[PDB]
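J.: Below you'll find the structure I mean.
Methodologically, a virtual Cβ is constructed for each residue, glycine included, from the backbone with ideal geometry; neighbour enumeration extends over all protein chains shown. All of this is worked out from the model, or read from it or from the source named; none is laboratory data.
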2 protein chains.
Amino acid sequence: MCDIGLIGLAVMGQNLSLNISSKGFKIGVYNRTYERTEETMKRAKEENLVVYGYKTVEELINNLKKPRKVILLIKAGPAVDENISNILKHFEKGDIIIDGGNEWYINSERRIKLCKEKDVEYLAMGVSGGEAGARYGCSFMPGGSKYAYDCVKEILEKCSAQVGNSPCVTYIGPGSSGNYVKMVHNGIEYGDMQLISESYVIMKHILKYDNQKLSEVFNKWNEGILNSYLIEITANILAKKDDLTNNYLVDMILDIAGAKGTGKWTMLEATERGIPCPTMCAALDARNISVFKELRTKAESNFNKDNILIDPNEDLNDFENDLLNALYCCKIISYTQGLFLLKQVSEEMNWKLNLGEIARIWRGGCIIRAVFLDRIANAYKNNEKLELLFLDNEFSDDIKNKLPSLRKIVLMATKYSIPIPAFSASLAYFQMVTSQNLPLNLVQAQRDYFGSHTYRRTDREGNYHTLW
Amino acid sequence: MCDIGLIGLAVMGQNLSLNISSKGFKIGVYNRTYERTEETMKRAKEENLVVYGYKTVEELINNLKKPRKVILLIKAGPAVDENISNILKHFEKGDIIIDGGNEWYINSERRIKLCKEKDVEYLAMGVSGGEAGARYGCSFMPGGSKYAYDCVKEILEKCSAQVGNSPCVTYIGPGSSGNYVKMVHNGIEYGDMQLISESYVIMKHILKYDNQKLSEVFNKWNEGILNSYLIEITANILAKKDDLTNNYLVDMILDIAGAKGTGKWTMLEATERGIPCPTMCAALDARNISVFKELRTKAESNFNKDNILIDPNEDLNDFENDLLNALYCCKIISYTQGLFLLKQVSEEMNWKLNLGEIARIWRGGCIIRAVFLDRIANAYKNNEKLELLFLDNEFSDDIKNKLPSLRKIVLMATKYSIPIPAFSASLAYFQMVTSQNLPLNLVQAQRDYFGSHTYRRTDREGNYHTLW
Ligand SMILES: O=C(O)[C@H](O)[C@@H](O)[C@H](O)[C@H](O)COP(=O)(O)O
Ligand SMILES: O=C(O)[C@H](O)[C@@H](O)[C@H](O)[C@H](O)COP(=O)(O)O
C-alpha cells in the first residue's frame, strides 16, 4: 500500500511525484485527464523510478497506507473544493489532506473546518521553487495540523532542498499560517525583482552599460554579499541572445508584467491591517502601470522622455559600488517590512510564527534564496522577539554604512528622471520609521479642524478638540 | 405634514435638520435617545427655525408627505440595518430611504436589494463638509434610484453648497456609486493632506521656516493657484497659538494619525482591481507608520538623525516657488490617479460616472474644495473621453512647466534626508505612466525563468517560453 498519494499532475505534480519516488517512498498518483498519469509513469520508468498510477480517486485512496495522506497540486479554484469533497467521501478519522497550491489563507481556513467536521486533518502547505525545485528540492511551508505535519515530515525533509544538513522545511504553525508565509515570500520576491530591475535601468541609462556589461556586473555581485538566485538568473538573462533576431532576448520581451495574486494579497493584508509595506506597493505599482502599454506610449508621445545625456562633470566614480550598497540596503529595508508584517500578523492570529525558522528554510529551494537569508536567520536565532530586522546589531551597522550610497543612487536617478519607485520608497520607509517626530501633527490638526475628530497632546493625557 | 424626515441626531444630523428648515422645508426628526431630539429643537428656536421632533419613528413616518422620504445619519454599524428594517415595517411602494453615512459601498448594495424587494427605493448618498457643511452647505453624492433622486433633488440642491448658482449635488449613478465617489473623495483628501504635510516639513527643515513664516507662505499660496480649503486651514493651524503653553498649538499635538476607514478602503479597491494609486499608498503609509510611535522613538535612538546642516553654497533661490509648483504638480498627478480609479471602476461597475459632474460638485462644500476642481470639471466637460487628467492640453502645459520644480524638491529632500513619500511617489508615478518602455521586460524574463509563466514579444504574436 502506498505511503502517500498525489492528485494533480501538471509538471509541478509530476516532478514532486518523481522527487518522492526517488527518495525511496512508494507513491500513487491520480489526474482526471489520464494522459498526465501516463506521462508520469513514463517519466518514472525513464528515470528507473516507480510511480503507481490510478484511473480513479477511489482506487488511489484504497491503496494508501493508514493514516492516509494525499497531496493536492490543483490550480486554485472550485476544482480544489470538488476534489476535497470527493476525498472526504473515502477518508476516515485520522487521514490527512495536504494542499500544496498558492492559496488565499482565508480559503484554507474554511477547508480546515470542513475537513475537521469529518475528523480529517488538513495541512495547508506553501511550496516555492517552481518545476525545478519540485523535482530536486524546494522550500516547504506547511501549516495546520501538527499531527498531519508529523505524519508527513519525513517525506518533506527528504524531498526539500538541503542547506548543508538542514532541510528546507519547518512546521509553520496552526491554521492557514503556511499559506500566509508563502504569500509573504512571494511579496518579498516581488520587491526583490522590482529592486533588481531598477538597478538594471540605473546602470543602463546612467552608466550606459550594454547588456554584456550588465551581465558581468550582476555576476560580480553574485560573488559577494548579494549572492542570490534572482541575482544569478538576472546575470544569465541579460546575456541571453535571441535566436529569432540578432538582438538580446530581454530587449525583445514585452514590458507587460503578469501577476497571479500572491503579491496583491500581501498588499491587501498590509493595507487592511495598517502595516506599512511601501516597497511592496512600489513593486505592484510597476506591474499594474505596465499593463497600460498603449496609454503609456501615447502619454510619452505627449510627455517625451528625452535621452539621458549625463553631465560631463557628474561625479560617477564608485557609482557602480554605490549601487551595490544601495541595492543591499534596500533588501534589508524590504525584508524588514515583510518580517514586520509576519510578526504583527502572527501576534494578531496567535500563530507563534518562528521567524528564524522561516528564514532558515528560505535559504534554499525558494526563489528569494540567498546567503542574505542566513544572516536573517542568525539575527532571529539571537533575538526571537526582534521588532525590526535592521535593529539587529549587524544589520544596523550595514544600514549606517550603506545608507549614504542609497541616497546617492536616489539623487542621481531623480536628477536624470529615471523612475525608481522601490528604491525611493525603501529610503522613505527607513527615514520615517526612524523619525521620532513626523508631520502627522499637522494631519491631526486638520482632521480636528474639519472633522472634530479630536487629537492627543505631547505634554498631557486626554483627547482635545480646539475651536480653531 | 413634513416634506422629509431625518433619523440620527448627532451634530451632523442636527445641523442638516437646521439646514433643511432654513431652506423653507418642513422637516421632522427622530433620535433613539430623546435628549438629542430636544437639543435640536432648542437650537432651531435659537436660530429662528422650526424643526418638528417626534418621540418614535412611527409618528415621524405618519407625518411624512407621500412619497415618504427619510434621511439616515446613523453611525456605521448594525444600527443602520436595524433602522432600515424598522422603517420598512411602515413604508409603502414608492417611498424613499436616503442613507447619508460614510458607508462601504458593498453594504449599500445589499441594502438596496432588500429595500427593492419591498418596493422601497434606496438612495445611498455620500456627504462631505463636516459640521459646518451640514448646517450651511455640503457636497451631496447621491447614487441609486433615479426616481428617488428626482423626488429629493430640490431639497439636496437648496441645502448643498453653492458655487455661484450651481449646487454641489448631482445624480452620481445607480447602486452604491455615491458611496464609492465619497470614498474616493476621502482618498484624494488623504493624499492632499500628506502632500501639504511634506511641504510643511520641507520648508521647516530645509529652509528653516518657523511657524509664523510657514503660515504666511500657505496664506500666500491660498491667494494663487493653490486656493483651497485645506491650504487655507493649514495657514490658520500653523499660526494657532496654544493657550495651555506659550508654544504653537500644532507643536503640542502628538504625531499619531487617526483614520476611520475610507482611505484604507480606497487602497483596498485600487489594489484588488490593479489600479495604480502610489500617492494613496504614501498617505496611508505615513499614517500607519505614525501609530508605531514607541518603535519610532527607539529606532531614532539607534539611528540618530543628525542636525540638517544646509550647504552654505546650496542654490536655494526660488526654492519656495519651486515647492509651490511642485505641490501643484503633485496635486495634478494625485488627482490623475484618483480620477483614473473612478473611471476604471465606473467601467467595471457599469455606473457611467460623469467625472466632469463629480469634479463640479467638489468645487464647494467638500473638504478638497478648490478652484483647482473647476479646472478639472472644465477639462472633462471639454473632453468627456479624457483618459488621464494631465493629458488635457492645459494641464499638460502645467506639468511641462512645473515638473522641473518637482525634481528639484525631491532632489533637495533626498540630499538632506527629509522623508517625502508622497512627493516621490507622485514623481515616480508620472515618470512611469509616461514611459513607453519600462523594465518589466526583465521581470517577465525572470518569471519565465523560474516559473515558466511565458512572455510576449515586441515583434510578433504569441506567448513564448525560453529554456534560459
Ligand atoms: O515561490 C515560487 O516558486 C514562485 O513565486 C511561485 O509561487 C510562482 O512562480 C508564482 O506564480 C510567482 O508569482 P507571480 O506569478 O504572481 O509573479
Ligand atoms: O469629507 C468629509 O467631510 C470628511 O472626510 C469626513 O468623511 C470625515 O472627516 C472623515 O472621517 C475623514 O476621514 P478620516 O477620519 O479617515 O481621516
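J.: Would you call B:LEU316 assigned by CATH to the domain that holds B:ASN401 and in contact with a strand residue (DSSP E or B) (Cβ under 7 Å, 6 or more places away or on another chain)? Break it down stepwise before answering.
T.: Details: assigned by CATH to the domain that holds B:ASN401: yes; in contact with a strand residue (DSSP E or B) (Cβ under 7 Å, 6 or more places away or on another chain): no.
In short, no.
J.: Within region A:313-361, track down each residue that is basic (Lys, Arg) and on the phi < 0 side of the Ramachandran plot. It would help to see each step written out before you state the result.
T.: Taking region A:313-361 and keeping what is basic (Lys, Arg), we get A:331, A:343, A:352, A:360.
Of everything in region A:313-361, those that are basic (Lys, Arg) and on the phi < 0 side of the Ramachandran plot turn out to be A:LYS331, A:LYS343, A:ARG360.
J.: Let me ask another. If A:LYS158 satisfies all but one of (1) outside the structural domain of A:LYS408 (by CATH); (2) without any contact (Cβ under 8 Å) to a residue 60 or more places away in the chain, what's the number of the condition it fails?
T.: (2)
J.: Of these, B:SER417, B:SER452, which one is out of contact with any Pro (no Cβ under 8 Å at 6 or more places or on another chain), in contact (Cβ under 8 Å) with a residue 24 or more places away in the chain and of a type in the set (S, T, N, Q)? Steps first, answer last, please.
T.: Working: B:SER452 fails: in contact (Cβ under 8 Å) with a residue 24 or more places away in the chain.
Step by step, each of B:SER417, B:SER452 is checked, and only B:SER417 is out of contact with any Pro (no Cβ under 8 Å at 6 or more places or on another chain), in contact (Cβ under 8 Å) with a residue 24 or more places away in the chain and of a type in the set (S, T, N, Q).
J.: B:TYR248 passes all but one of (1) surrounded by fewer than 18 Cβ atoms within 10 Å (Cβ to Cβ); (2) touching a residue at least 24 places away in the same chain (Cβ under 8 Å); (3) away from ligand 2 (no atom under 16 Å from the Cβ); which number fails?
T.: (1)
J.: Go through region B:62-107 and report how many residues are under 17 Å from B:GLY178 (Cβ atoms) and among the basic types (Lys, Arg). First the steps, then the outcome.
T.: First, pick out the residues of region B:62-107 that are under 17 Å from B:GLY178 (Cβ atoms): B:69-74, B:76, B:80, B:84, B:96-107.
Filter once more, so that each one left must be among the basic types (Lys, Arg): B:69.
Residues flagged as under 17 Å from B:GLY178 (Cβ atoms) and among the basic types (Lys, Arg) within region B:62-107 amount to 1.
J.: While we're looking at this one, here's another question. Based on this model, can you work out whether B:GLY94 counts as among the small types (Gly, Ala, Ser), in contact with a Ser or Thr (Cβ under 8 Å, 6 or more places away or on another chain) and in contact (Cβ under 8 Å) with a residue 12 or more places away in the chain? Spell out the reasoning first.
T.: On the way: among the small types (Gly, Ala, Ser): yes; in contact with a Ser or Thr (Cβ under 8 Å, 6 or more places away or on another chain): no; in contact (Cβ under 8 Å) with a residue 12 or more places away in the chain: yes.
It is false that B:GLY94 is among the small types (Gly, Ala, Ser), in contact with a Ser or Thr (Cβ under 8 Å, 6 or more places away or on another chain) and in contact (Cβ under 8 Å) with a residue 12 or more places away in the chain.
J.: Within region B:384-417, can you find the residues that are small (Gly, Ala, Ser) and more than 9 Å from every other protein chain (Cβ to nearest Cβ)? First the steps, then the outcome.
T.: Pass one, region B:384-417, residues small (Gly, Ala, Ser): B:396, B:405, B:413, B:417.
B:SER405, B:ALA413 - these are the residues of region B:384-417 that are small (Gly, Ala, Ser) and more than 9 Å from every other protein chain (Cβ to nearest Cβ).
J.: Still on this structure, I have one more. For residues that are part of a helix (DSSP H, G or I) and at the interface with chain A (Cβ under 7 Å from one of its Cβ atoms), scanning just region B:252-283, find the one that is nearest to A:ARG296 (Cα to Cα).
T.: Restricting attention to region B:252-283, the residues satisfying the condition of being part of a helix (DSSP H, G or I) are B:252, B:262-272, B:278-283.
Those left that are additionally at the interface with chain A (Cβ under 7 Å from one of its Cβ atoms): B:252, B:264, B:267-268, B:271-272, B:278, B:281.
Details: B:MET252: 45, B:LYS264: 27, B:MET267: 22, B:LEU268: 24, B:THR271: 20, B:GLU272: 21, B:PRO278: 16, B:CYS281: 21 Å.
Per the stated criteria, the residue is B:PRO278.
J.: Next question, about the same structure. Does region B:353-365 contain at least one residue that is under 25 Å from B:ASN321 (Cα atoms), assigned by CATH to the domain that holds B:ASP322 and among the aliphatic types (A, V, I, L, M)?
T.: Scanning region B:353-365, I find no residue that is under 25 Å from B:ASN321 (Cα atoms), assigned by CATH to the domain that holds B:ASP322 and among the aliphatic types (A, V, I, L, M), so the answer is no.
J.: Taking A:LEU411, is it within 16 Å of ligand 1 (Cβ to nearest atom), surrounded by fewer than 24 Cβ atoms within 10 Å (Cβ to Cβ) and hydrophobic (A, V, I, L, M, F, W, C)?
T.: On the way: within 16 Å of ligand 1 (Cβ to nearest atom): no; surrounded by fewer than 24 Cβ atoms within 10 Å (Cβ to Cβ): yes; hydrophobic (A, V, I, L, M, F, W, C): yes.
For A:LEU411, the condition - within 16 Å of ligand 1 (Cβ to nearest atom), surrounded by fewer than 24 Cβ atoms within 10 Å (Cβ to Cβ) and hydrophobic (A, V, I, L, M, F, W, C) - is not met.
J.: Hey, another quick one. Just wondering, is there one or more residues in region A:296-314 that are more than 7 Å from every other protein chain (Cβ to nearest Cβ) and under 20 Å from the mean Cα position of the chain (by Cα)? Spell out how you get there, then give the answer.
T.: Of all residues in region A:296-314, those more than 7 Å from every other protein chain (Cβ to nearest Cβ) come to A:298, A:301, A:304, A:306-314.
The next check asks that each one be under 20 Å from the mean Cα position of the chain (by Cα); those that pass are none.
For region A:296-314, residues more than 7 Å from every other protein chain (Cβ to nearest Cβ) and under 20 Å from the mean Cα position of the chain (by Cα): absent.
J.: Turning to a different aspect of this structure: Applying the selection to region A:331-371, what residues are β-branched (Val, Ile, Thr) and not in a helix (DSSP H, G or I)?
T.: Of region A:331-371, the ones β-branched (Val, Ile, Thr) are A:332-333, A:336, A:345, A:358, A:361, A:367-368, A:371.
Listed by number, the residues that qualify are A:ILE367, A:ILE368, A:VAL371.
J.: Continuing with this model, one more query. Go through the residues of region A:179-187 one by one and say whether even a single one is among the aromatic types (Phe, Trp, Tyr), away from ligand 2 (no atom under 16 Å from the Cβ), crowded, with 24+ Cβ neighbours inside 10 Å and within 14 Å of another protein chain (Cβ to nearest Cβ).
T.: Taking region A:179-187 as the starting set, the residues that turn out to be among the aromatic types (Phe, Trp, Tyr) are A:180.
Adding the requirement that they be away from ligand 2 (no atom under 16 Å from the Cβ) leaves A:180.
Narrowing further to those that are crowded, with 24+ Cβ neighbours inside 10 Å: A:180.
From what is left, the residues that are within 14 Å of another protein chain (Cβ to nearest Cβ) are none.
Within region A:179-187 (the criterion being among the aromatic types (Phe, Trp, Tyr), away from ligand 2 (no atom under 16 Å from the Cβ), crowded, with 24+ Cβ neighbours inside 10 Å and within 14 Å of another protein chain (Cβ to nearest Cβ)), the answer is no, since none of the residues qualifies.
J.: Quick check: anything in region B:438-458 assigned to a loop (DSSP other than H, G, I, E, B), under 26 Å from A:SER405 (Cβ atoms) and at the interface with another protein chain (Cβ under 7 Å from one of its Cβ atoms)? Before the answer, list the steps.
T.: Step one: list which residues in region B:438-458 are assigned to a loop (DSSP other than H, G, I, E, B), which gives B:438-439, B:452-454, B:458.
From what's left, under 26 Å from A:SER405 (Cβ atoms): B:438-439.
Still in the running and at the interface with another protein chain (Cβ under 7 Å from one of its Cβ atoms): B:438-439.
Yes; the residues of region B:438-458 include at least one that is assigned to a loop (DSSP other than H, G, I, E, B), under 26 Å from A:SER405 (Cβ atoms) and at the interface with another protein chain (Cβ under 7 Å from one of its Cβ atoms).
J.: Hey, among the residues in region A:113-137 that are assigned to a strand (DSSP E or B) and among the hydrophobic types (A, V, I, L, M, F, W, C), which one's surrounded by the most Cβ atoms within 10 Å (Cβ to Cβ)?
T.: Residue satisfying both the conditions and the ranking: A:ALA124.
J.: I'd like the residue in region A:197-244 that is touching a helix residue (DSSP H, G or I) at 6+ places or on another chain (Cβ under 6 Å) and among the hydroxyl-bearing types (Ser, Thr, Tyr) and, out of all such residues, is nearest to A:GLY365 (Cα to Cα).
T.: Restricting to residues being touching a helix residue (DSSP H, G or I) at 6+ places or on another chain (Cβ under 6 Å) and among the hydroxyl-bearing types (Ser, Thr, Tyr), the top hit is A:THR234.
J.: Which residue out of A:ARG360, A:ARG375, A:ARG369 is within 16 Å of ligand 1 (Cβ to nearest atom) and either of a type in the set (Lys, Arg) or without any contact (Cβ under 8 Å) to a residue 60 or more places away in the chain (or both)?
T.: Details: A:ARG360 fails: within 16 Å of ligand 1 (Cβ to nearest atom); A:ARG375 fails: within 16 Å of ligand 1 (Cβ to nearest atom).
Within the list A:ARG360, A:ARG375, A:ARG369, the selection yields A:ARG369.
J.: Looking at this structure, is B:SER166 of a type in the set (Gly, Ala, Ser) and either surrounded by fewer than 24 Cβ atoms within 10 Å (Cβ to Cβ) or within 16 Å of ligand 2 (Cβ to nearest atom) (or both)? Lay out the reasoning, then the answer.
T.: Values: of a type in the set (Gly, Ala, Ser): yes; either surrounded by fewer than 24 Cβ atoms within 10 Å (Cβ to Cβ) or within 16 Å of ligand 2 (Cβ to nearest atom) (or both): yes.
Yes.
J.: Which one is nearest to ligand 2 (Cβ to nearest atom), of the residues in region A:138-163 that are within 14 Å of another protein chain (Cβ to nearest Cβ) and buried (at least 24 other Cβ atoms within 10 Å of the Cβ)?
T.: So in region A:138-163, the residues within 14 Å of another protein chain (Cβ to nearest Cβ) come out as A:138-139, A:161.
Narrowing the set further to residues that are buried (at least 24 other Cβ atoms within 10 Å of the Cβ) leaves A:138-139.
Details: A:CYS138: 43, A:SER139: 40 Å.
If we take residues in region A:138-163 being within 14 Å of another protein chain (Cβ to nearest Cβ) and buried (at least 24 other Cβ atoms within 10 Å of the Cβ), then A:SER139 is nearest to ligand 2 (Cβ to nearest atom).
J.: Going residue by residue through region B:57-67, is there one that turns out to be closer than 21 Å to B:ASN102 by Cβ and assigned by CATH to the domain that holds B:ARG110? Outline the logic, then answer.
T.: The first filter runs over region B:57-67 and keeps only residues closer than 21 Å to B:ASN102 by Cβ, leaving none.
No, that holds for no residue.
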